[PDB]
Structures are given as structure tokens and as C-alpha cells.
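Shown next, in C-alpha cells, is the structure this report addresses.
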Amino acid sequence: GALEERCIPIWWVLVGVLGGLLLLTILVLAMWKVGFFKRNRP
Amino acid sequence: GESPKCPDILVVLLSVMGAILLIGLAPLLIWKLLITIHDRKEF
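Keeping their order, the protein sequence lines are chains A and B. The first sequence: position 40 = 996 (the deposited numbering), numbered continuously. The second sequence: position 40 = 724 (the deposited numbering), numbered continuously.
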């Protein structure tokens, strides 16, 4: 009844975005290196 | 919800990180899937 006390404080939303995106980068690079995506066909 | 009118911070944080994975993986999954079919589909 003042600070509704955000159920979504700005930091945590912001932090989760960076971690999820960083994880995507590592996965994309790994797939590319294995040629998984170069594998278009043998 | 019923006290944590504010969902647990860790839960929210984890959920966002998971959503990012789904968003990033969908475009890639569609691409990967289409190649597999063009590649696997025996002509």
C-alpha cells in the first residue's frame, strides 16, 4: 500500500534477459562449429 | 499470487531466461527442421 513492491523489480528482469541471451550465443556458436548448421546436407 | 503478490524473484528470473531460449530456438528449430526434410525427404 505504497510500494506495491514490484513483482517485477527492474534489475531481475534485466538480469534474466542478459543470461538467457548469453546462453543462446554459446549454443549458436557450438552448433555452427560442429557444422550442425553447415550441415545443410552431406 | 496469495502473499507473494510478487512472484518469487528467482522463479521470475528463471522463467525469463527460459523464454529467451524458446525465442532463440524457434527460428533455429524451424530452419533446422526445414533442412532436415529437404535433406532427409528421399527424392
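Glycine residues also receive a C-beta, built at the ideal position from the N, C-alpha and C atoms.
- Just so you know, the alpha carbons of B/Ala710 and A/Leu979 end up roughly 15 angstroms apart.
- In the DSSP assignment, A/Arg962 falls outside any alpha helix (DSSP H), carrying neither H nor E.
- Boundaries of the alpha helix (DSSP H) harbouring A/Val984: 966 to 989, taken from the DSSP string.
- Assignment of B/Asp723 by DSSP, reduced to helix, strand and coil, places it in the helix class.
- A residue is called buried when at least 16 other Cβ atoms come within 10 angstroms of its Cβ; A/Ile966 does not meet this threshold and is exposed.
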